[PDB]
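What follows is a single structure, written as structure tokens, with notes after it.
Per chain, numbering begins at 1; letters A, B, ... match sequence-line order.
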Amino acid sequence: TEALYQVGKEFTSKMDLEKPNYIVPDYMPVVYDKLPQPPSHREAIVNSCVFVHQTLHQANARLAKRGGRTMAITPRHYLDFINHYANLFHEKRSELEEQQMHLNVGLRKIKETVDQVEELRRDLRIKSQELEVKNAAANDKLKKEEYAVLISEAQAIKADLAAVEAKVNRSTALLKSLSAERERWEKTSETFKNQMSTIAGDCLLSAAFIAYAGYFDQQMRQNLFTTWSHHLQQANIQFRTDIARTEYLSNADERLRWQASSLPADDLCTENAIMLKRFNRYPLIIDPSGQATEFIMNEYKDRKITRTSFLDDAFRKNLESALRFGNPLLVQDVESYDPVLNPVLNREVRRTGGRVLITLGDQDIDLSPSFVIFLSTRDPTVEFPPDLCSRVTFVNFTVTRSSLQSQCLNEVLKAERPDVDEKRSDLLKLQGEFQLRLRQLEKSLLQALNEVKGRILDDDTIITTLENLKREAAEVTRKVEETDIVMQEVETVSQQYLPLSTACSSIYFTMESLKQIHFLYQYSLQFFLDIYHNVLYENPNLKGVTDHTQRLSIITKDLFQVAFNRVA
Amino acid sequence: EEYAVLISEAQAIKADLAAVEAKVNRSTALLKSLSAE
């Protein structure tokens, strides 16, 4: 515990971690017994880090006691945790500061514009008075070749007055349309201080989740996060309880691209994608279904990713080619791990004579900074030696109840209500595109208000762009509630099939748990999906039946029957 | 009151004519300076 505390304290010396108004709790959860009794904020942070490491130790002990499979928790896990903490803290602080600066610039620009329109109204009234006196003088003297010139000047200044009034009207309409953005930015700038207050605990929790919770399933990940949150609450360390882990560790653009990359729509899958993006050690993927390998292939397709295996005789040459040319590599069958990757996984690089050398066996190879490797396996039951567990970060692609229920609901909806399922897919695509468009428009509006030089009304291009952005935002929002109401009616239609999906999830998770009474009862998810497809499409009891509810009842009964018949 | 408007636009087109003449003079000076090239 002393060594972990010293490592954390030395590593986290670069981060701020300074909260002068920190209030020491009455019952401080002491983990390092030599921690000062009136601890600082930094000392409390490091104590929480050590506590996170110890909780991983205790979770592994609990899993081992229950007969489950555990992977060793090494000091490299702690190093990954503190590295992720530093990186996430710096990233979040920089993003928050930049966003606050942009919002302040926008609010100042809006206030300047309203002051400008006020002074422009004043100038308009000055202009009207001078025009009226000029016209009156011209008429009065014409009552009694040079006054034609000044009445032409009066007409020109009247055109100028009309232009000024048109600018006033256009600008005031624009500002009245910009009130919602102004108030939203005002609220966000006011809550900036609160967001800054709870950044250390949030980054600590996110880093711990990335570094540690990769191998465990949904229940144990939630238990670990709950334990860490309770400890931070006990230590009087502020963190946001409202924001989700996935939404905090990723943006909507990344999630949309991941969905485009055949990533399953699940919270656990999204967290696994986050780990696959923000990894410190090279990932070891455990996906029996094989979807994660396809996700990795699609994600790194533009970077020329190649697939090999440890059993392949071309593994060595493919590995050295990837190392030399900096190409992504995906190596399967990690249960046949080749120790030749040990210097690569440990990042034992030698920087001599302007060369970054990696020793691959007996030969030194110029390592390229863009090289990345992913180890994969389809067997969730493999046990790895502690060395390999230390050299990689585990990304376990387990099947969750929510994901299975959603998958079965989509499958039955497509099989029995194909029009409703097609409409559902189209609506999801349209909603994704619309939300992307709103995000892009909002960002472009901030950028346009930021990059403008001088005043908004000085150049009418800014006015035109702002009006176009507002009108496009309004129209896409209109499309948003339209697609939302039709999505709502689609959801009401599809809610009837929920009990069948729940039954399917329960049936599969009973199938997956038959292995506890006999080693021979090993069933994959593909077996249950084959059962489901047979019940849906190849059911002899659905020859002439067209009623939807009777078909659903037959489907449920035949699902139970076929599941038992095939498993038994 | 209406012929004032058209004499004003006549002086406006007078200004336009003066601008056209100035543009003509500057363009022809440029061309007579670009003869060698």
> Among residues 3-16 of chain B, which residues come closer than 4.5 Å to chain A, judged by heavy atom distances?
Replying inline: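 Under the 4.5 Å heavy-atom cut-off, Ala4(B), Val5(B), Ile7(B), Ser8(B), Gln11(B) qualify.
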
Over 12 non-hydrogen atoms of neighbours within 6.0 angstrom of [atom1] in [X]:
| X | atom1 | result |
| --- | --- | --- |
| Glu2(B) | CD | yes |
| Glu37(B) | CD | yes |
| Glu475(A) | CD | yes |
| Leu30(B) | CG | yes |
| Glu21(B) | CD | no |

